[PDB]
2 protein chains.
Amino acid sequence: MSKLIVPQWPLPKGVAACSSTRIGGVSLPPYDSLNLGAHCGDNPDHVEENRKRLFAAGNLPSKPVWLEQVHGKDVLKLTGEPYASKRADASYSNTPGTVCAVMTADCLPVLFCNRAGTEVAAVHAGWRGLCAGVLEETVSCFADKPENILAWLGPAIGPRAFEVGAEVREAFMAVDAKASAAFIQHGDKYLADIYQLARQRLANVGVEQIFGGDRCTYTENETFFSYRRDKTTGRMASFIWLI
Amino acid sequence: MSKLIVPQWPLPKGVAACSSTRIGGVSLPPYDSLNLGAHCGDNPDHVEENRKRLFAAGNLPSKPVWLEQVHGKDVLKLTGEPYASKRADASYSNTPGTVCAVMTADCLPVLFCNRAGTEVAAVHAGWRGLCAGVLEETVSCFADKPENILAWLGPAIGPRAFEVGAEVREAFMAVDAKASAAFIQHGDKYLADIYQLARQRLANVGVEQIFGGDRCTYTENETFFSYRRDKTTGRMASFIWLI
Ligand SMILES: [Zn+2]
Ligand SMILES: [Zn+2]
């Protein structure tokens, strides 16, 4: 009964993508059902069961190439299983069968693929990496032209729960003063719209086509895990790959 | 104008309580008339006005101490504004003037107080915190004995609309098989009686005096906001305090 989100976009013929929810797994509170993360304290066998179940649900051709997400802006081109460091917050693939995966629980998941369906990419974009331009570095790994790139914004904490400090807002404006529209005042802090921020950097890059960005990990607690909300909790993941 | 629900129970001397409804406000759809929630996308000034009307109608001594409800089971004791964190789903107070409040739109609201009139508490009981035991934790905050504690169940999504998966039912039965009675199958799901579950947990702790729990936020769409019913909508709240 694993419920799986399918990105609403003109998915190209040779591309398959899926994003998970906290439902249909086997873990117990505070990671109650489909927790894919192996680093939040959950029962290690349950995490294996959840992964085994989601891979089947998603018809993944092979195991996802999990990164060592350090909230930076480095993109790891999945050229071949023999890697040095998997340390990074994005992956790019031009290889059929290889699975791009990003692990999240509030941070912005973003999936990319060219219209021809010959190259994909997955990104975990927290504010720091977002601000440092992880989306720009990902896009630049694409041989194709921005014009031909599709971007899907996965479930993340929305503009009603993503409360951030004044530095975060000033951090963004100090790169593209137009980020001012993504912040609304809420006391000595602001309510940021990570989707709006992504769209801006994406536009700056040329990517005219963007979908998703209509969910909230924090608010829809019955569907997603949320680090901001629960502190100790499970993890969801977004996957893309060339068939 | 600001129709205010008054708990039907043996209200003690120095205690006052009220619970709001969607009527008598200033908001427009999908939050038409008295929305109290400031984080559901409503017009803040309207929310600002809806709150001022209620506080007057309710004749509250001060502004309510809004919590950061995360659907957990943490209870916050209101002894001094400088608080480490506001993250909680229940509040307790033995200080006059202090207003305990919980914001809802389906989840179970519960107000507490002792027969003496020296202790009060409010609880936002989502199904997880209810299961994880937020009512027991709230009670164990009272210096008085359960025998003397009065409990009121405010409007929540009733037993004819609160549909849940096998997980919910199982989670509850895990804690106490007796919880099987609050569930009645509907297709591949069940119909839960949140009030029934509250009463059981309340009884396990010796709370002999329980009132209310005859409403349904979902069904009575002309009186309450419903999260299950409307996806985007306002919020009601329940208030209690020592005069
Ligand atoms: Zn993150
Ligand atoms: Zn709730």
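If you check the header, you will see the structure was determined by X-ray crystallography, 2.5 Å.
A Cβ is built for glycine as well, from the same backbone N, Cα and C atoms used for every other residue.
Copied over from Swiss-Prot:
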type	residues	note
BINDING	A:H71, A:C107, A:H124	Zn(2+) binding site
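In sequence order, A:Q69, A:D89, A:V102, A:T104, A:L108, A:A125, A:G126, A:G129 are the residues of the same chain, not among A:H71, A:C107, A:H124, whose CB sits within 8 A of the CB centroid for the Zn(2+) site. The Cβ of A:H71 (Zn(2+) binding site) lies under 8 Å from the Cβ of A:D89, A:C107, A:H124, A:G126, A:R128, A:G129, each of which sits 6+ residues away along the same chain.
When the binding-site residues A:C107, A:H124 are scored by other C-beta atoms within 10 Å, A:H124 scores highest.
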